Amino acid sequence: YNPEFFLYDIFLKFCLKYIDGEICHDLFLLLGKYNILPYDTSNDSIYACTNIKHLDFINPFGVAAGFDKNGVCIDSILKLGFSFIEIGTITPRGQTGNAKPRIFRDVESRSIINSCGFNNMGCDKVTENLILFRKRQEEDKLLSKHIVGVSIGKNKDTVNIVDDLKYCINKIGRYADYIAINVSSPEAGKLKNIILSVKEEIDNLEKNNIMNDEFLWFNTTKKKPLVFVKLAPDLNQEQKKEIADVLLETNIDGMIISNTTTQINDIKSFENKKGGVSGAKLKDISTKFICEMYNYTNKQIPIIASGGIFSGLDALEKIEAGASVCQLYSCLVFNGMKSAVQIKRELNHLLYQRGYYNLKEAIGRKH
C-alpha cells in the first residue's frame, strides 16, 4: 500500500494511455532488470498455501508465460508478491516473431490481442539468464521458495516438434521447477507422443548425471521439473475429452487452462486485428474450460488457471471450478504492480467470508 507502488501505477496508467504496448512492456521489464521496482515483503497467509503434487506454492498467484519470455526480469516480478513465474515460451533457436505492431490493448474491455509469433532469444541465451537468476536466488532472502517454470515450444519451421523440445530440456531442464508444453498458438496420438518424450528427457537428465540431486537440480525444488501442458480454449467437446484421456494415460503433472482465444468478435478496436485474445472477455470461456477438463479428467489432474483473472473474486471462481493455482497477465497491464498484493488481499478476505478454512478446501467446489 506504499507510495512506491502508487506512484509507479500512475506512471503505468499514463504509459498505458499514450505509449505502444510492446514498448511499454519492455520499458518496465527494463526497470525491473535494474531493480528500481517496489517489493512486497509481506508474509503470505499460510491459509492460502497451495501445491501441485509435491510442488508447493507459498501463495496461489503467479505470472503467466509470454510476460517475461527471455527471463530478464525474474527477481523483480517475483518480488512484487508472486509465488511463481512461467518464463518463455522459448524455442531452441531465437526467433524475431511477426511484424510490429503485434500487440494491442482495449482498456474499456480490459482485453488484449496479440500475434507475437513466439519471439524469443532462443533456449541457449535464456538458459544463461535463468542460471544467473538461480545464482542470485541463493543470495536473496526474498526469492526463497519461489518457483520458476519454463514454457517450451517448437520453432516456426521445425523439422520435428519433439526434437525442438528435447533440446530445450537438455539445456534448461536443470534450472526449472516445472516444464510447460504449450500446443496453443494463435491428433491426440501425436500429443501423447510429445508428452511421454518430455517425461523421458527429464528422466534422462537424472540418469546421465553423476551428481546427487542437491547439486544436479539447480532450481528451487531440488527435484526434476514437473510436466504441465497448456491448452487453447478453441476446441470442441470431442477434442477435449480425447485429450482428457491422454493426460491420464501419460499421468501428466498438471494442465494450464488456458491460452488465448480467437473466437471473440465483439471488441471494436480489435476488428482490424488477428491474433489471440486475452483479458476480461476470456474469463468466462476460460472458467468453463476448467470445469470441463476437471470433469473429463475426473479431478485426477491438477489445474493451473489462466484467463481474465483480475480480482480475488475472479480467482475464487477458478479455484472452486477446479484450479489449484492462478496466473496473471492482463491484470498487471491494466491494474499495475499492486496486482499481487491487491488480489491476495481480496482472496484471503473472501475465503473468510465464504467460510473456508483454507484455499485447498475450496478447490473444485463446484460438485
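By rigid core we mean the largest C-alpha set that fits within 1.5 Å across both forms. A residue's number is simply how far along the shown sequence it sits, counting from 1.
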>> Which of the two stretches, 139-147 versus 245-253, has its Cα atoms farther on average from this form in 9 other deposited structures of this protein when everything is superposed by the rigid core?
In response: 139-147
> in 9 other deposited structures of this protein, superposed on the rigid core, which stretch sits farther off in Cα RMS terms, 154-162 or 116-124?
Replying inline: 154-162
> Per the entry, how many residues of the deposited chain go unmodelled between residue 117 and residue 118: none, 1 to 3, 4 to 9, or 10 or more?
Replying inline: none
>> Please compare 232-240 with 209-217 and name the stretch with the higher mean C-alpha B-factor in the deposited structure.
In response: 232-240
> Per the entry, where is the mean C-alpha temperature factor higher: 38-46 or 297-305?
Replying inline: 297-305
> Per the PDB entry, which option out of 175, 270, 133, 167 has the greatest Cα B factor?
Replying inline: 270
> Taking the values straight from the PDB record, which of 141, 190, 105, 224 has the highest C-alpha temperature factor?
Replying inline: 190
> Should residue 314 be placed in the lowest, middle or highest third of its chain by the C-alpha B factor in the entry?
Replying inline: middle
> Among the chain's modelled residues, which third holds the C-alpha B-factor of residue 354?
Replying inline: highest
> According to the PDB entry, is the CA B factor of residue 146 in the bottom, middle or top third of its chain, that is, lowest, middle or highest?
Replying inline: lowest
> How does residue 153 rank on Cα B-factor within its chain, lowest, middle or highest third?
Replying inline: middle
> Among the chain's modelled residues, which third holds the C-alpha B-factor of residue 121?
Replying inline: lowest
